$ cat entry.txt   # compact mmCIF, C-alpha atoms
# COMPACT_ATOMS: atom_id res chain seq x y z
CA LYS A 245 0.00 0.00 0.00
CA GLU A 246 2.66 2.60 1.03
CA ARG A 247 4.68 1.45 -1.99
CA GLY A 248 5.45 4.61 -4.01
CA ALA A 249 6.26 4.76 -7.74
CA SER A 250 8.22 2.06 -9.66
CA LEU A 251 11.43 2.81 -11.61
CA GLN A 252 9.34 2.45 -14.81
CA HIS A 253 7.68 5.80 -13.96
CA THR A 254 10.43 7.65 -12.01
CA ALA A 255 13.75 6.76 -13.72
CA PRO A 256 16.00 9.44 -15.43
CA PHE A 257 17.04 9.63 -19.13
CA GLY A 258 13.63 8.45 -20.43
CA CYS A 259 14.38 4.75 -19.83
CA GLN A 260 11.78 2.00 -19.75
CA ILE A 261 11.98 -0.81 -17.13
CA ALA A 262 10.92 -4.50 -17.19
CA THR A 263 11.48 -7.39 -14.66
CA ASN A 264 11.66 -10.93 -16.20
CA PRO A 265 14.67 -10.59 -16.29
CA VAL A 266 15.24 -7.01 -15.01
CA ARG A 267 16.39 -4.45 -17.64
CA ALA A 268 16.71 -0.73 -18.01
CA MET A 269 15.93 -0.05 -21.69
CA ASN A 270 16.46 2.82 -24.12
CA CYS A 271 18.20 5.27 -21.70
CA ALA A 272 19.06 8.39 -23.77
CA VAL A 273 22.42 8.62 -21.86
CA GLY A 274 25.88 9.20 -23.36
CA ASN A 275 26.99 7.95 -26.80
CA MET A 276 28.00 4.69 -28.47
CA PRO A 277 31.06 3.80 -30.57
CA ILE A 278 30.03 1.61 -33.52
CA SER A 279 32.69 0.08 -35.80
CA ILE A 280 32.25 -1.70 -39.13
CA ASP A 281 34.71 -3.89 -41.05
CA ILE A 282 33.45 -3.78 -44.65
CA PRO A 283 34.55 -6.37 -47.30
CA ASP A 284 36.31 -4.91 -50.39
CA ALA A 285 33.63 -6.52 -52.62
CA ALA A 286 31.05 -4.01 -51.26
CA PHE A 287 32.67 -0.76 -52.54
CA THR A 288 32.25 0.47 -56.17
CA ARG A 289 35.28 2.14 -57.85
CA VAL A 290 35.52 5.92 -58.45
CA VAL A 291 35.56 5.14 -62.24
CA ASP A 292 32.51 2.80 -61.98
CA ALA A 293 30.37 5.32 -60.04
CA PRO B 294 44.46 8.50 -85.79
CA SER B 295 45.64 12.07 -85.07
CA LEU B 296 44.45 13.47 -81.72
CA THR B 297 43.59 16.99 -80.50
CA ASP B 298 41.75 18.94 -77.75
CA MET B 299 43.14 16.36 -75.25
CA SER B 300 42.51 16.64 -71.49
CA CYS B 301 43.72 14.19 -68.82
CA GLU B 302 41.82 13.69 -65.52
CA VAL B 303 42.79 11.47 -62.54
CA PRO B 304 39.76 10.08 -60.61
CA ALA B 305 42.03 8.56 -57.91
CA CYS B 306 45.68 7.66 -57.28
CA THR B 307 47.47 5.43 -54.74
CA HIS B 308 51.23 4.64 -54.94
CA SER B 309 50.44 0.96 -54.45
CA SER B 310 52.88 -1.03 -56.70
CA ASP B 311 49.91 -2.62 -58.57
CA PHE B 312 48.57 0.11 -60.91
CA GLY B 313 46.95 1.85 -57.92
CA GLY B 314 46.06 4.95 -60.02
CA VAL B 315 43.58 5.38 -62.90
CA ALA B 316 43.33 8.23 -65.41
CA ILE B 317 40.67 9.24 -67.98
CA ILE B 318 41.82 11.10 -71.11
CA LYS B 319 39.15 13.05 -73.05
CA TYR B 320 40.10 13.56 -76.72
CA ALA B 321 39.03 14.36 -80.30
CA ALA B 322 40.54 12.06 -82.98
CA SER B 323 40.48 12.25 -86.79
CA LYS B 324 39.75 8.53 -87.65
CA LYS B 325 39.05 5.01 -86.23
CA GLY B 326 41.96 2.66 -85.38
CA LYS B 327 44.55 1.33 -82.88
CA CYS B 328 46.95 3.88 -81.35
CA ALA B 329 50.03 3.55 -79.07
CA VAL B 330 50.28 5.10 -75.53
CA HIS B 331 53.45 5.93 -73.52
CA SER B 332 54.49 7.86 -70.36
CA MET B 333 57.17 10.60 -70.64
CA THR B 334 57.85 10.76 -66.83
CA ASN B 335 60.03 7.88 -65.48
CA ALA B 336 58.31 7.91 -62.05
CA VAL B 337 54.95 6.84 -63.69
CA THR B 338 54.39 3.52 -65.53
CA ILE B 339 51.17 2.96 -67.57
CA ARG B 340 49.80 -0.59 -68.01
CA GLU B 341 48.19 -0.13 -71.46
CA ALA B 342 50.63 -0.28 -74.46

$ encode --input "entry.txt" --output "structure tokens"
Amino acid sequence: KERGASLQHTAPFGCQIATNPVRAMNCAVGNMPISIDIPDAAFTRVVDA
Amino acid sequence: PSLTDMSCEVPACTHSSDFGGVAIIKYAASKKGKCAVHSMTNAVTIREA
């Protein structure tokens, strides 16, 4: 009864919360390095473009 | 063939031992036929004879 509000409603950075298992999801916090290794077959030559 | 109004453009170059550069020559030529090509600068070798 005296419970208060869940993290789903109160948590910072706009994040959603779920419990089976527990996750914080989609926090708009910080930034993410992403790195790609691209096979040479994928690129088209400056004379072909 | 006799050639005139020639312009030479270099889409990309890399000094890569393997013909790592490619060049497009725009031209006007008097008649149809085979024609020889050569490089006058010793530091640049062209593959096509």

$ residues_around --input "entry.txt" --residues "segment 245-254 of chain A" --least-positions-apart "2" --cutoff "12 Å" --atoms "only C-alpha atoms" --output "PyMOL selection string"
chain A and resi 256-263+266-271

$ interface_residues --input "entry.txt" --of "chain A" --to "chain B" --cutoff "10 Å" --atoms "all atoms listed in the file" --output "list in words"
residues 289, 290 and 291 of chain A

$ closest_residue --input "entry.txt" --among "B:300, B:328, B:306, B:312" --to "residue 340 of chain B" --atoms "only C-alpha atoms"
B:312

$ residues_near_point --input "entry.txt" --point "(49.5, 7.5, -79.0)" --cutoff "12 Å" --atoms "all atoms listed in the file" --output "PyMOL selection string"
chain B and resi 294-297+299+318+320+322+326-333+341-342

$ atom_distance --input "entry.txt" --atom1 "atom CA of residue 311 of chain B" --atom2 "atom CA of residue 337 of chain B"
11.9 Å

$ atom_distance --input "entry.txt" --atom1 "atom CA of residue 319 of chain B" --atom2 "atom CA of residue 301 of chain B"
6.3 Å

$ atom_distance --input "entry.txt" --atom1 "atom CA of residue 307 of chain B" --atom2 "atom CA of residue 339 of chain B"
13.6 Å

$ decode --input "entry.txt" --residues "chain B" --atoms "C-alpha atoms" --output "PDB file, in the first residue's frame"
ATOM      1  CA  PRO B 294      44.463   8.502 -85.788  1.00  0.00           C
ATOM      2  CA  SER B 295      45.642  12.074 -85.070  1.00  0.00           C
ATOM      3  CA  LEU B 296      44.448  13.467 -81.722  1.00  0.00           C
ATOM      4  CA  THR B 297      43.589  16.987 -80.503  1.00  0.00           C
ATOM      5  CA  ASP B 298      41.752  18.935 -77.746  1.00  0.00           C
ATOM      6  CA  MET B 299      43.138  16.356 -75.253  1.00  0.00           C
ATOM      7  CA  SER B 300      42.512  16.640 -71.487  1.00  0.00           C
ATOM      8  CA  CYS B 301      43.722  14.186 -68.819  1.00  0.00           C
ATOM      9  CA  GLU B 302      41.824  13.691 -65.523  1.00  0.00           C
ATOM     10  CA  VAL B 303      42.794  11.468 -62.537  1.00  0.00           C
ATOM     11  CA  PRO B 304      39.765  10.084 -60.614  1.00  0.00           C
ATOM     12  CA  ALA B 305      42.030   8.559 -57.906  1.00  0.00           C
ATOM     13  CA  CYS B 306      45.683   7.658 -57.283  1.00  0.00           C
ATOM     14  CA  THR B 307      47.473   5.432 -54.737  1.00  0.00           C
ATOM     15  CA  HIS B 308      51.228   4.637 -54.939  1.00  0.00           C
ATOM     16  CA  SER B 309      50.438   0.960 -54.446  1.00  0.00           C
ATOM     17  CA  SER B 310      52.885  -1.030 -56.699  1.00  0.00           C
ATOM     18  CA  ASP B 311      49.908  -2.620 -58.573  1.00  0.00           C
ATOM     19  CA  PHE B 312      48.572   0.112 -60.913  1.00  0.00           C
ATOM     20  CA  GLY B 313      46.953   1.854 -57.920  1.00  0.00           C
ATOM     21  CA  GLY B 314      46.055   4.954 -60.021  1.00  0.00           C
ATOM     22  CA  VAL B 315      43.581   5.377 -62.904  1.00  0.00           C
ATOM     23  CA  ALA B 316      43.331   8.233 -65.414  1.00  0.00           C
ATOM     24  CA  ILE B 317      40.669   9.240 -67.982  1.00  0.00           C
ATOM     25  CA  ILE B 318      41.815  11.098 -71.109  1.00  0.00           C
ATOM     26  CA  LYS B 319      39.153  13.049 -73.046  1.00  0.00           C
ATOM     27  CA  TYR B 320      40.103  13.559 -76.722  1.00  0.00           C
ATOM     28  CA  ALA B 321      39.027  14.364 -80.295  1.00  0.00           C
ATOM     29  CA  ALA B 322      40.538  12.058 -82.978  1.00  0.00           C
ATOM     30  CA  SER B 323      40.477  12.246 -86.791  1.00  0.00           C
ATOM     31  CA  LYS B 324      39.747   8.530 -87.647  1.00  0.00           C
ATOM     32  CA  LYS B 325      39.049   5.014 -86.234  1.00  0.00           C
ATOM     33  CA  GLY B 326      41.957   2.657 -85.377  1.00  0.00           C
ATOM     34  CA  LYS B 327      44.549   1.326 -82.880  1.00  0.00           C
ATOM     35  CA  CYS B 328      46.951   3.882 -81.355  1.00  0.00           C
ATOM     36  CA  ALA B 329      50.029   3.554 -79.065  1.00  0.00           C
ATOM     37  CA  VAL B 330      50.283   5.102 -75.528  1.00  0.00           C
ATOM     38  CA  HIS B 331      53.446   5.934 -73.516  1.00  0.00           C
ATOM     39  CA  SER B 332      54.494   7.863 -70.356  1.00  0.00           C
ATOM     40  CA  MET B 333      57.173  10.596 -70.640  1.00  0.00           C
ATOM     41  CA  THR B 334      57.855  10.758 -66.831  1.00  0.00           C
ATOM     42  CA  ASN B 335      60.031   7.884 -65.478  1.00  0.00           C
ATOM     43  CA  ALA B 336      58.310   7.909 -62.050  1.00  0.00           C
ATOM     44  CA  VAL B 337      54.950   6.843 -63.686  1.00  0.00           C
ATOM     45  CA  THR B 338      54.391   3.516 -65.535  1.00  0.00           C
ATOM     46  CA  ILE B 339      51.168   2.963 -67.569  1.00  0.00           C
ATOM     47  CA  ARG B 340      49.800  -0.592 -68.009  1.00  0.00           C
ATOM     48  CA  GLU B 341      48.189  -0.134 -71.457  1.00  0.00           C
ATOM     49  CA  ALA B 342      50.631  -0.276 -74.455  1.00  0.00           C
TER      50      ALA B 342
END
